[PDB]
Amino acid sequence: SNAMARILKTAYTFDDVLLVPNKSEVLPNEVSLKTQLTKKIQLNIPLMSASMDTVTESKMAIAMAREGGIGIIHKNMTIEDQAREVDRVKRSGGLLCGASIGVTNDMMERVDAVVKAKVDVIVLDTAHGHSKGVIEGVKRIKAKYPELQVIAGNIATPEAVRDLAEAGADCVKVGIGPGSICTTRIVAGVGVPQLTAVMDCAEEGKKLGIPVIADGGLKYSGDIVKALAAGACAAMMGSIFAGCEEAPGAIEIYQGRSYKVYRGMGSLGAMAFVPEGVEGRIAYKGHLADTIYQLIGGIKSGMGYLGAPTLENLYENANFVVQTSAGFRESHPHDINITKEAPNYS
Amino acid sequence: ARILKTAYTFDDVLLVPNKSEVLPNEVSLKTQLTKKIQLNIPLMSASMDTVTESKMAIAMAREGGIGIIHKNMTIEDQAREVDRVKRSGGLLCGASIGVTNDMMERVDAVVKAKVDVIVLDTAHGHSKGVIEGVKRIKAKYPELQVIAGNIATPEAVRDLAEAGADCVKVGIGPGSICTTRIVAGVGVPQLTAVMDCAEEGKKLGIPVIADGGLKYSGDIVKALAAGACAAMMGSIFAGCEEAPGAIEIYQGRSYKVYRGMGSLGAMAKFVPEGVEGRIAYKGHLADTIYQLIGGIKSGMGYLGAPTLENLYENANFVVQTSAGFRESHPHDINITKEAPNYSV
Amino acid sequence: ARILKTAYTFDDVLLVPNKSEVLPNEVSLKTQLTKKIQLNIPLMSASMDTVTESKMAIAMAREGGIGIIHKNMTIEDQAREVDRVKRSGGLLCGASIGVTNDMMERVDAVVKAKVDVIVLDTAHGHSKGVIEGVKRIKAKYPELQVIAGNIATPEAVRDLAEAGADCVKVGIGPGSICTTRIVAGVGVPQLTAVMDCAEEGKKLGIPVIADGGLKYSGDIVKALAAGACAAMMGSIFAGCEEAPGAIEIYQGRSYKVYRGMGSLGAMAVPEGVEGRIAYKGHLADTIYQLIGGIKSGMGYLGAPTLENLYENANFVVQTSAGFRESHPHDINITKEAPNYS
Amino acid sequence: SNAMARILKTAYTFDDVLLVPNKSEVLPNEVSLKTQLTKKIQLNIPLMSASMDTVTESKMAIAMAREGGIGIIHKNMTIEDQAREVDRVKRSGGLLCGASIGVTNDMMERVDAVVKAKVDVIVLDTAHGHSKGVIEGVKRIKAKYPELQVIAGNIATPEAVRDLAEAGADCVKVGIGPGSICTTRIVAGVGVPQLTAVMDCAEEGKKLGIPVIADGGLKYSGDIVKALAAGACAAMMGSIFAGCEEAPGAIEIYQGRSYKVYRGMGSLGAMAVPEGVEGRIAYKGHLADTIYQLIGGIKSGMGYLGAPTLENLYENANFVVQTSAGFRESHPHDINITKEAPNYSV
Ligand SMILES: C=C(C)c1cccc(C(C)(C)NC(=O)Nc2ccc(Cl)c(N[C@H]3O[C@H](CO)[C@@H](O)[C@H]3O)c2)c1
Ligand SMILES: C=C(C)c1cccc(C(C)(C)NC(=O)Nc2ccc(Cl)c(N[C@H]3O[C@H](CO)[C@@H](O)[C@H]3O)c2)c1
Ligand SMILES: C=C(C)c1cccc(C(C)(C)NC(=O)Nc2ccc(Cl)c(N[C@H]3O[C@H](CO)[C@@H](O)[C@H]3O)c2)c1
Ligand SMILES: C=C(C)c1cccc(C(C)(C)NC(=O)Nc2ccc(Cl)c(N[C@H]3O[C@H](CO)[C@@H](O)[C@H]3O)c2)c1
Ligand SMILES: O=c1[nH]cnc2c1ncn2[C@@H]1O[C@H](COP(=O)(O)O)[C@@H](O)[C@H]1O
Ligand SMILES: O=c1[nH]cnc2c1ncn2[C@@H]1O[C@H](COP(=O)(O)O)[C@@H](O)[C@H]1O
Ligand SMILES: O=c1[nH]cnc2c1ncn2[C@@H]1O[C@H](COP(=O)(O)O)[C@@H](O)[C@H]1O
Ligand SMILES: O=c1[nH]cnc2c1ncn2[C@@H]1O[C@H](COP(=O)(O)O)[C@@H](O)[C@H]1O
């Protein structure tokens, strides 16, 4: 007869999908990477460094802003220190600066301090943004500071986009469990594969007039293209920047190789417990400028392939196909002994 | 001969976050193992001669869960193990029973030791022997709580509930030490088996246990969200200090023995349906339970669930590919520090 | 002026045996000192300058209990002492705090050293100084576990709980070296004090410590059965090798110094005396005997655990003739017993 | 000078030699391990823990003394902290205690403080004990504190035993370059293989009535037996003790293995060009379990040599040299070892 079936939707990450080429009348050197992070704030490139104590303090935020993106100063420091870090960025030539805020008893004291330091945007930043504490936190902050730009996260559903927008958020940050250092999905069982999360959240954001950020799980420049084509206004990265000279931490040498420490903000070491992150090391990659150069070149390439002179046109005309694990093997270089370094592929 | 659908295990799915007004410290983990038996936490140790004797059962009960004393010992020895648990403070205790000639003698002895629940536990619970065993036990001991298993279908839930079972145990082939699916070709991926059976149990008012295949705390959250009243583990507890067997050292690492009850070694106490081996020593049970419970409480916070029933009622799963699985785990990082709830 | 009732000490009372299904060896002695601090055995060493420094505190923690480092030293030294215990491998450690001008700066240093619990310890814990002290410490360190004492009434339990104490310590005048009752006229016999204060603490969810007056392992059973979460001892531990002070010999007998912190010596109108007690050797040997006697009593009371012990505790009062029956009598004891005088 | 460079002889380490069994009328349980560390200090067992900041503080010294040996508190701390450390050991039951001293401008100030804390022996301890600084230091200390017992080192020649004895040392410590964490021989080219160094220095020491300590390079209990049979009054170990619970440092876990930090005092990290390295060794649990194995091995060796006492062991010990082929025979060979032995690893 006609049978009863279990309805379970498949959700996709970046490695599950590829963008289909469009007719193109634009060369990659003709495209524009400008984006609205919020209605108020424009970025020259759609890239953000993560608010992590192994990724962004003022050194990284200054370099990020000079490249045309933005850094979010992490909050694993006293209120006074975080205000000093923001102020250091703001004093370095009018550069944009963000600051992370938690759902804490001293939440507004921290907001007041970074506001006095002239922070451009705050990120009310929690493991579970679709929550009463974040919703009320946003309302409180916007009641006191109606023109202060507020990003709220992290979330993974359209319903969360709508609730945080109604609460007064100027932008929402998408990502539950995709981070390279993240164990949320493993230890709590919860998350949404990040390409689907970004797509579904950005679609709701577009209807509401609120942008969304694709936060976490990005490894290659092509991953960022997919996130922007899916509708994200900007991409946030920890792992891709944590090995740069401008990130916190010393350069460590071991058996002829250079490393920097990178760790989840929910790892034991960062929290110092039931942790939701791990602690480790990644390759030292040198100055941020050289990593940004490769990322931008890759984004401009993808836009050339899709005929997009702007990021809005990229989203409007992007079509995806799903690839299998065998397609993934074809997409990567295969059947070759790679003997020389490539600046954008490892 | 027909292909019904794709069936999923825990690693195939993820739970979607819900709007939440409850923090992880505000949630309740209480659960009805049967209508008569409540657990403070939804966790059980397996009835395996390398997992649960009285030492483990006492520890499990003091943590709020329950141990099932295995049956690879004489009847008198199993009765004395149960008795040691019950005298240690009215702690809950279970006991495994097989489909054997002396089945009722063994039931009589653990009933005398005041066991709270027996598990009539077989490779194939959806069988005449188990059905007739449950009916015989309930006829002599109408109020004795009986778990029957193992099973993997809604039909088996119906047939065991009709026989008189107060709870049914799901899992055909998911065990870490299990070769049933390989040697016999039979089984149902465990997440689908639990969703299918727990939905059937809910209609009939009979709880179901998610037994086998659990590796991380998030796997338990998925099993509870799918509707199981409790989760049963061998591998996760077999390395604990309270499990049977000596701590053994090999090249600077501490190990304990862990084996299937259908392995040659356990049956010798011949076509086996299990293997024998070693897993890492984990220290005291309390530290493992703390991580499991913290992960469960975190998952319930993400789903806005103050109770296990609300967790089930509002749980939505999505399927992830193997690319999604690689994103879900830590990736592109050389991990250099131990984490207490994650290993690779 | 009114006489409320007769009040009892440990020697006034005996526990009635219950039907039991537990052997002593199967018993569990874990207890919650506070909501956050669990002990494997319900025993604490007193914060006196002849009982607990880091050496004693480490030994107590290794045995499953805890030691409270006395405050008769500079702030810097007491932080060093706490430091030494905490760096000795994740052992629990407490520290004494007084109602003093430098109270918060002493608290600041011991929390810096990662003390697990503070004891705001005065002669009269039911006082404005202690109540406001507790309030000040809790406002600055909301997570810091705080024991407040000493007290002897349920009203004091209620007031210190409302001030934010996580545990209260009971004992006005029972100490072996104490003269408070003789010089001030004030105190409550300790078994009644513990039972009346624990009853109020149970209703508020706040544990009580039975501090002082314990001589034998059976006394500890009575204090725990009366409702205390833990027993604190000075005299029983002062003769152990791990307590401060040298071993002194006289007439073929070994002794150690033991004195009240309100005695003239310690303060250099006293409420304590100074003297000597027998050397007992290593703490481990004393703890073993205390734990054996406690497990024996719980066996007799059918209590596999300590909360069940309070619930099922029935005392009878004995006379001085009953007391003479309870002790060995009409025997010339010729052999030493490890748990009896 | 008309002298010329020359090659003197072949020199041997412990792995180069074996002790020949003697006629025995003594069982291992009948032998006595007592030894004179100096004319005034007797030890119940001939074992010492090294004065390193990853081996011996008050906890280790207390446990070593409880076992019948002695610990030397390291000097990588303020004078006050080292006096406090000696004080903790002394008040723990009158246990023996040692303390390290360097050739520094504040040498006498440090000596004064540990003397007040009632230290039983100081070790004037430098990379090159056969030097003017150490000789004058010993003389200066012996002038102010004639009764204070003084060990001086490290040395590797009979001439150095003679000169330190003439300066007033009560005991000399032998070892240039044998340490597990030592690179002196690699970076400076200097040292003497430790068995020959101990044998030759102990020969001079017995002629002058001054004991000598065998410091460094010991890995197995049988190595201690060789060092004592060569005439050392005691054996000093860093590596064998650094993994014990009583040594300083946290227990680190990595891939199911427990570790403790161990590093040379001449390494970059401890100095805070190097002559040591920094690393990790296996965690061993409590000192008592390690001592038990070492003492049992020593007693067994004394049984094999019919020695009821350490002086008898030395008087009647005969060595043979083994080749690298004899060494392969001496270790287990041609076996897949499947069970841990408590006194044999790798
Ligand atoms: C990025 C991640 C994963 C991370 C970073 C640093 C730390 C963490 C840790 C490891 C601390 N885990 C969580 O915090 N787990 C969590 C789970 C469920 C829920 Cl519901 C919540 N609630 C959150 O939102 C509430 C306000 O509404 C707050 O109380 C806040 O706790 C948290 C995780
Ligand atoms: C958990 C596993 C896999 C396991 C544990 C220990 C031992 C076993 C062994 C290795 C013995 N294999 C089975 O027993 N294989 C089996 C296969 C098909 C069927 Cl139908 C049955 N029948 C079962 O149910 C009947 C009730 O009537 C019983 O008589 C009983 O025989 C068994 C396996
Ligand atoms: C008897 C013991 C344990 C002892 C220990 C060391 C020393 C002492 C000495 C011998 C010094 N005697 C007292 O101190 N006697 C005393 C009597 C009555 C009162 Cl009311 C108070 N003080 C109270 O007044 C403040 C009111 O806010 C509170 O903070 C609280 O300190 C003290 C005695
Ligand atoms: C145990 C070792 C190897 C060690 C431990 C910690 C640190 C060191 C360091 C790495 C510091 N290296 C030396 O110190 N190298 C050295 C080489 C040749 C000579 Cl001659 C000397 N002179 C020494 O003896 C003189 C007595 O007067 C002193 O002045 C002193 O300088 C030293 C090494
Ligand atoms: O410990 C954590 N657990 C889970 N997610 C984390 C944790 N710390 C940081 N994150 C998230 O992971 C992102 C970085 O991911 P990555 O670019 O893939 O390394 C951050 O921007 C946060 O959204
Ligand atoms: O040898 C056997 N073959 C198949 N399943 C077994 C065998 N022994 C135990 N089991 C099952 O495996 C479960 C433990 O699975 P684990 O938690 O994944 O190690 C037990 O609770 C039993 O249900
Ligand atoms: O001099 C004092 N006067 C009154 N009580 C004191 C004095 N010094 C210490 N105490 C108390 O007496 C207890 C020890 O009593 P013991 O165990 O009977 O020796 C300590 O824990 C304090 O509560
Ligand atoms: O960094 C250093 N370089 C050379 N020798 C050292 C250094 N640090 C300690 N030592 C010596 O090495 C000994 C320990 O060697 P082990 O017992 O073989 O590990 C110590 O007792 C010192 O004599």
# chains A, B, ... in the order shown; residues from 1 in each chain; ligands from 1
call {"tool": "interface_residues", "arguments": {"of": "chain B", "to": "chain C", "cutoff": "12 Å", "atoms": "only C-alpha atoms", "output": "list in words"}}
result
residues 54, 55, 58, 59, 62, 83, 84, 85, 86, 87, 88, 89, 90 and 91 of chain B
call {"tool": "residues_near_ligand", "arguments": {"ligand": "ligand 4", "cutoff": "7 Å", "atoms": "only C-alpha atoms and all ligand atoms", "output": "JSON, numbers by chain"}}
result
{"D": [103, 126, 127, 128, 129, 131, 132, 133, 134, 182, 184, 264, 265, 266, 267, 273, 274, 275, 276]}
call {"tool": "write_last_selection", "arguments": {"atoms": "N, CA, C and O atoms", "output": "PDB file, in the first residue's frame"}}
result
ATOM      1  N   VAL D 103      78.364  28.332  43.574  1.00  0.00           N
ATOM      2  CA  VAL D 103      79.452  29.305  43.679  1.00  0.00           C
ATOM      3  C   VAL D 103      78.920  30.654  43.216  1.00  0.00           C
ATOM      4  O   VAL D 103      79.041  31.014  42.041  1.00  0.00           O
ATOM      5  N   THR D 126      78.393  22.278  41.287  1.00  0.00           N
ATOM      6  CA  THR D 126      78.628  23.048  40.073  1.00  0.00           C
ATOM      7  C   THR D 126      78.930  22.101  38.921  1.00  0.00           C
ATOM      8  O   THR D 126      79.167  20.906  39.113  1.00  0.00           O
ATOM      9  N   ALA D 127      78.934  22.662  37.711  1.00  0.00           N
ATOM     10  CA  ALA D 127      79.273  21.869  36.533  1.00  0.00           C
ATOM     11  C   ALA D 127      80.706  21.358  36.594  1.00  0.00           C
ATOM     12  O   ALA D 127      81.012  20.294  36.054  1.00  0.00           O
ATOM     13  N   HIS D 128      81.606  22.097  37.238  1.00  0.00           N
ATOM     14  CA  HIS D 128      83.020  21.720  37.220  1.00  0.00           C
ATOM     15  C   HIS D 128      83.517  21.901  38.650  1.00  0.00           C
ATOM     16  O   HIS D 128      83.971  22.986  39.023  1.00  0.00           O
ATOM     17  N   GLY D 129      83.410  20.827  39.440  1.00  0.00           N
ATOM     18  CA  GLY D 129      83.840  20.866  40.827  1.00  0.00           C
ATOM     19  C   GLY D 129      85.344  21.009  41.024  1.00  0.00           C
ATOM     20  O   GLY D 129      85.787  21.443  42.089  1.00  0.00           O
ATOM     21  N   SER D 131      87.644  23.056  40.506  1.00  0.00           N
ATOM     22  CA  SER D 131      87.864  24.434  40.102  1.00  0.00           C
ATOM     23  C   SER D 131      88.230  25.280  41.313  1.00  0.00           C
ATOM     24  O   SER D 131      87.961  24.920  42.463  1.00  0.00           O
ATOM     25  N   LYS D 132      88.827  26.437  41.038  1.00  0.00           N
ATOM     26  CA  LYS D 132      89.189  27.338  42.131  1.00  0.00           C
ATOM     27  C   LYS D 132      87.950  27.799  42.898  1.00  0.00           C
ATOM     28  O   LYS D 132      87.974  27.899  44.131  1.00  0.00           O
ATOM     29  N   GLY D 133      86.851  28.067  42.193  1.00  0.00           N
ATOM     30  CA  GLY D 133      85.672  28.573  42.877  1.00  0.00           C
ATOM     31  C   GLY D 133      85.143  27.603  43.915  1.00  0.00           C
ATOM     32  O   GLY D 133      84.802  27.999  45.033  1.00  0.00           O
ATOM     33  N   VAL D 134      85.094  26.310  43.567  1.00  0.00           N
ATOM     34  CA  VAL D 134      84.582  25.301  44.488  1.00  0.00           C
ATOM     35  C   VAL D 134      85.565  25.058  45.628  1.00  0.00           C
ATOM     36  O   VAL D 134      85.160  24.944  46.791  1.00  0.00           O
ATOM     37  N   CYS D 182      71.680  15.369  30.197  1.00  0.00           N
ATOM     38  CA  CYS D 182      72.929  16.110  30.088  1.00  0.00           C
ATOM     39  C   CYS D 182      73.482  16.072  28.668  1.00  0.00           C
ATOM     40  O   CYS D 182      73.534  15.005  28.047  1.00  0.00           O
ATOM     41  N   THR D 184      76.591  17.975  28.277  1.00  0.00           N
ATOM     42  CA  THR D 184      77.950  18.482  28.500  1.00  0.00           C
ATOM     43  C   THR D 184      78.965  17.822  27.567  1.00  0.00           C
ATOM     44  O   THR D 184      79.802  18.495  26.942  1.00  0.00           O
ATOM     45  N   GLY D 264      67.235  19.076  32.542  1.00  0.00           N
ATOM     46  CA  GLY D 264      68.518  19.401  33.129  1.00  0.00           C
ATOM     47  C   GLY D 264      68.502  20.758  33.809  1.00  0.00           C
ATOM     48  O   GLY D 264      67.788  21.680  33.408  1.00  0.00           O
ATOM     49  N   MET D 265      69.291  20.878  34.877  1.00  0.00           N
ATOM     50  CA  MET D 265      69.415  22.186  35.510  1.00  0.00           C
ATOM     51  C   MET D 265      70.216  23.151  34.648  1.00  0.00           C
ATOM     52  O   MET D 265      70.115  24.369  34.843  1.00  0.00           O
ATOM     53  N   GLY D 266      70.977  22.635  33.682  1.00  0.00           N
ATOM     54  CA  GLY D 266      71.652  23.419  32.668  1.00  0.00           C
ATOM     55  C   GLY D 266      70.872  23.624  31.386  1.00  0.00           C
ATOM     56  O   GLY D 266      71.442  24.104  30.400  1.00  0.00           O
ATOM     57  N   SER D 267      69.584  23.284  31.366  1.00  0.00           N
ATOM     58  CA  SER D 267      68.759  23.500  30.189  1.00  0.00           C
ATOM     59  C   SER D 267      68.260  24.945  30.144  1.00  0.00           C
ATOM     60  O   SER D 267      68.306  25.675  31.138  1.00  0.00           O
ATOM     61  N   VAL D 273      75.700  28.917  26.974  1.00  0.00           N
ATOM     62  CA  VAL D 273      74.848  28.079  26.136  1.00  0.00           C
ATOM     63  C   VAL D 273      74.439  26.870  26.984  1.00  0.00           C
ATOM     64  O   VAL D 273      75.128  26.557  27.942  1.00  0.00           O
ATOM     65  N   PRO D 274      73.313  26.220  26.675  1.00  0.00           N
ATOM     66  CA  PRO D 274      72.828  25.150  27.558  1.00  0.00           C
ATOM     67  C   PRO D 274      73.736  23.926  27.543  1.00  0.00           C
ATOM     68  O   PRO D 274      74.489  23.685  26.599  1.00  0.00           O
ATOM     69  N   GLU D 275      73.646  23.140  28.628  1.00  0.00           N
ATOM     70  CA  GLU D 275      74.305  21.841  28.743  1.00  0.00           C
ATOM     71  C   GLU D 275      73.329  20.769  29.232  1.00  0.00           C
ATOM     72  O   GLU D 275      73.734  19.775  29.852  1.00  0.00           O
ATOM     73  N   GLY D 276      72.036  20.962  28.953  1.00  0.00           N
ATOM     74  CA  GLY D 276      70.998  20.001  29.267  1.00  0.00           C
ATOM     75  C   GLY D 276      69.807  20.150  28.340  1.00  0.00           C
ATOM     76  O   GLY D 276      69.690  21.125  27.590  1.00  0.00           O
TER      77      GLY D 276
END
call {"tool": "closest_atom_pairs", "arguments": {"of": "chain C", "to": "ligand 7", "cutoff": "10 Å", "atoms": "only C-alpha atoms and all ligand atoms", "output": "Markdown table"}}
result
| residue | atom | partner | partner_atom_place_in_ligand_line | distance |
| --- | --- | --- | --- | --- |
| C:44 | CA | ligand 7 | 21 (O) | 8.9 |
| C:45 | CA | ligand 7 | 21 (O) | 7.4 |
| C:46 | CA | ligand 7 | 21 (O) | 4.3 |
| C:47 | CA | ligand 7 | 21 (O) | 6.3 |
| C:48 | CA | ligand 7 | 9 (C) | 6.3 |
| C:49 | CA | ligand 7 | 8 (N) | 9.2 |
| C:50 | CA | ligand 7 | 9 (C) | 9.7 |
| C:51 | CA | ligand 7 | 21 (O) | 9.1 |
| C:68 | CA | ligand 7 | 21 (O) | 9.5 |
| C:121 | CA | ligand 7 | 23 (O) | 8.3 |
| C:122 | CA | ligand 7 | 23 (O) | 8.7 |
| C:123 | CA | ligand 7 | 4 (C) | 7.1 |
| C:149 | CA | ligand 7 | 23 (O) | 8.5 |
| C:150 | CA | ligand 7 | 23 (O) | 6.9 |
| C:151 | CA | ligand 7 | 23 (O) | 9.8 |
| C:169 | CA | ligand 7 | 23 (O) | 8.2 |
| C:170 | CA | ligand 7 | 23 (O) | 8.1 |
| C:171 | CA | ligand 7 | 23 (O) | 6.2 |
| C:172 | CA | ligand 7 | 5 (N) | 7.1 |
| C:173 | CA | ligand 7 | 4 (C) | 5.7 |
| C:174 | CA | ligand 7 | 18 (O) | 6.2 |
| C:175 | CA | ligand 7 | 15 (O) | 3.5 |
| C:176 | CA | ligand 7 | 18 (O) | 3.9 |
| C:177 | CA | ligand 7 | 19 (O) | 5.9 |
| C:178 | CA | ligand 7 | 4 (C) | 3.8 |
| C:179 | CA | ligand 7 | 3 (N) | 5.9 |
| C:180 | CA | ligand 7 | 4 (C) | 5.6 |
| C:181 | CA | ligand 7 | 4 (C) | 8.6 |
| C:210 | CA | ligand 7 | 23 (O) | 9.0 |
| C:211 | CA | ligand 7 | 23 (O) | 5.3 |
| C:212 | CA | ligand 7 | 15 (O) | 3.6 |
| C:213 | CA | ligand 7 | 18 (O) | 3.7 |
| C:214 | CA | ligand 7 | 18 (O) | 5.3 |
| C:215 | CA | ligand 7 | 18 (O) | 7.0 |
| C:231 | CA | ligand 7 | 17 (O) | 9.1 |
| C:232 | CA | ligand 7 | 21 (O) | 5.9 |
| C:233 | CA | ligand 7 | 17 (O) | 3.6 |
| C:234 | CA | ligand 7 | 17 (O) | 3.5 |
| C:235 | CA | ligand 7 | 19 (O) | 3.6 |
| C:236 | CA | ligand 7 | 17 (O) | 6.1 |
| C:237 | CA | ligand 7 | 17 (O) | 7.9 |
| C:238 | CA | ligand 7 | 19 (O) | 8.0 |
| C:258 | CA | ligand 7 | 19 (O) | 8.4 |
| C:259 | CA | ligand 7 | 1 (O) | 6.9 |
| C:260 | CA | ligand 7 | 1 (O) | 3.1 |
| C:261 | CA | ligand 7 | 8 (N) | 4.0 |
| C:262 | CA | ligand 7 | 1 (O) | 3.4 |
| C:263 | CA | ligand 7 | 1 (O) | 5.0 |
| C:264 | CA | ligand 7 | 1 (O) | 8.7 |
| C:265 | CA | ligand 7 | 1 (O) | 9.8 |
| C:266 | CA | ligand 7 | 1 (O) | 8.2 |
| C:267 | CA | ligand 7 | 1 (O) | 9.2 |
| C:270 | CA | ligand 7 | 1 (O) | 7.2 |
| C:271 | CA | ligand 7 | 3 (N) | 4.7 |
| C:272 | CA | ligand 7 | 1 (O) | 3.4 |
| C:273 | CA | ligand 7 | 1 (O) | 6.5 |
| C:274 | CA | ligand 7 | 1 (O) | 8.6 |
call {"tool": "residues_near_ligand", "arguments": {"ligand": "ligand 6", "cutoff": "10 Å", "atoms": "only C-alpha atoms and all ligand atoms", "output": "PyMOL selection string"}}
result
chain B and resi 44-51+68+121-123+149-151+169-181+210-215+231-238+258-267+272-276
call {"tool": "residues_around", "arguments": {"residues": "region 109-115 of chain C", "least_positions_apart": "4", "cutoff": "6 Å", "atoms": "only C-alpha atoms", "output": "number ranges by chain"}}
result
C: 79, 83, 93-94
call {"tool": "residues_around", "arguments": {"residues": "residue 120 (chain B)", "least_positions_apart": "3", "cutoff": "6 Å", "atoms": "only C-alpha atoms", "output": "PyMOL selection string"}}
result
chain B and resi 97-98+148
call {"tool": "write_last_selection", "arguments": {"atoms": "N, CA and C atoms", "output": "PDB file, in the first residue's frame"}}
result
ATOM      1  N   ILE B  97      18.926 -13.025  33.442  1.00  0.00           N
ATOM      2  CA  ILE B  97      18.345 -14.365  33.383  1.00  0.00           C
ATOM      3  C   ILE B  97      18.345 -14.800  31.915  1.00  0.00           C
ATOM      4  N   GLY B  98      18.652 -16.072  31.649  1.00  0.00           N
ATOM      5  CA  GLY B  98      18.583 -16.617  30.310  1.00  0.00           C
ATOM      6  C   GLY B  98      17.421 -17.588  30.140  1.00  0.00           C
ATOM      7  N   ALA B 148      12.790  -7.396  29.042  1.00  0.00           N
ATOM      8  CA  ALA B 148      13.029  -8.473  28.091  1.00  0.00           C
ATOM      9  C   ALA B 148      13.746  -7.923  26.867  1.00  0.00           C
TER      10      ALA B 148
END
call {"tool": "closest_atom_pairs", "arguments": {"of": "chain A", "to": "ligand 1", "cutoff": "8 Å", "atoms": "only C-alpha atoms and all ligand atoms", "output": "Markdown table"}}
result
| residue | atom | partner | partner_atom_place_in_ligand_line | distance |
| --- | --- | --- | --- | --- |
| A:102 | CA | ligand 1 | 28 (C) | 8.0 |
| A:103 | CA | ligand 1 | 26 (C) | 5.3 |
| A:104 | CA | ligand 1 | 28 (C) | 7.9 |
| A:126 | CA | ligand 1 | 24 (O) | 5.4 |
| A:127 | CA | ligand 1 | 2 (C) | 4.1 |
| A:128 | CA | ligand 1 | 24 (O) | 4.7 |
| A:129 | CA | ligand 1 | 24 (O) | 6.3 |
| A:130 | CA | ligand 1 | 27 (O) | 7.5 |
| A:131 | CA | ligand 1 | 27 (O) | 4.6 |
| A:132 | CA | ligand 1 | 27 (O) | 5.4 |
| A:133 | CA | ligand 1 | 27 (O) | 3.6 |
| A:134 | CA | ligand 1 | 27 (O) | 4.9 |
| A:135 | CA | ligand 1 | 27 (O) | 7.7 |
| A:154 | CA | ligand 1 | 1 (C) | 7.7 |
| A:176 | CA | ligand 1 | 3 (C) | 7.4 |
| A:177 | CA | ligand 1 | 3 (C) | 7.2 |
| A:182 | CA | ligand 1 | 3 (C) | 6.9 |
| A:183 | CA | ligand 1 | 3 (C) | 7.7 |
| A:184 | CA | ligand 1 | 3 (C) | 5.7 |
| A:188 | CA | ligand 1 | 17 (C) | 7.8 |
| A:264 | CA | ligand 1 | 5 (C) | 6.9 |
| A:265 | CA | ligand 1 | 6 (C) | 4.6 |
| A:266 | CA | ligand 1 | 7 (C) | 3.5 |
| A:267 | CA | ligand 1 | 10 (C) | 6.4 |
| A:271 | CA | ligand 1 | 7 (C) | 6.9 |
| A:273 | CA | ligand 1 | 10 (C) | 7.6 |
| A:274 | CA | ligand 1 | 10 (C) | 6.1 |
| A:275 | CA | ligand 1 | 10 (C) | 4.2 |
| A:276 | CA | ligand 1 | 10 (C) | 4.4 |
| A:277 | CA | ligand 1 | 10 (C) | 6.8 |
call {"tool": "residues_around", "arguments": {"residues": "residue 93 (chain B)", "least_positions_apart": "3", "cutoff": "6 Å", "atoms": "only C-alpha atoms", "output": "MDAnalysis selection string"}}
result
chainID B and resid 67 115:116
call {"tool": "interface_residues", "arguments": {"of": "chain B", "to": "chain A", "cutoff": "7 Å", "atoms": "only C-alpha atoms", "output": "JSON, numbers by chain"}}
result
{"B": [14, 15, 16, 17, 19, 20, 21, 216, 217, 218, 219, 221, 222, 291, 294, 295, 296, 298, 299, 302, 317, 318, 319, 320, 323, 324, 327, 328, 329, 330, 331, 332, 333, 334, 335, 336, 337, 339, 341]}
call {"tool": "interface_residues", "arguments": {"of": "chain D", "to": "chain B", "cutoff": "10 Å", "atoms": "only C-alpha atoms", "output": "MDAnalysis selection string"}}
result
chainID D and resid 252:259 282:284 337:341 345:346
call {"tool": "residues_around", "arguments": {"residues": "residue 46 (chain D)", "least_positions_apart": "3", "cutoff": "7 Å", "atoms": "only C-alpha atoms", "output": "PyMOL selection string"}}
result
chain D and resi 33-35+43+69+233-235
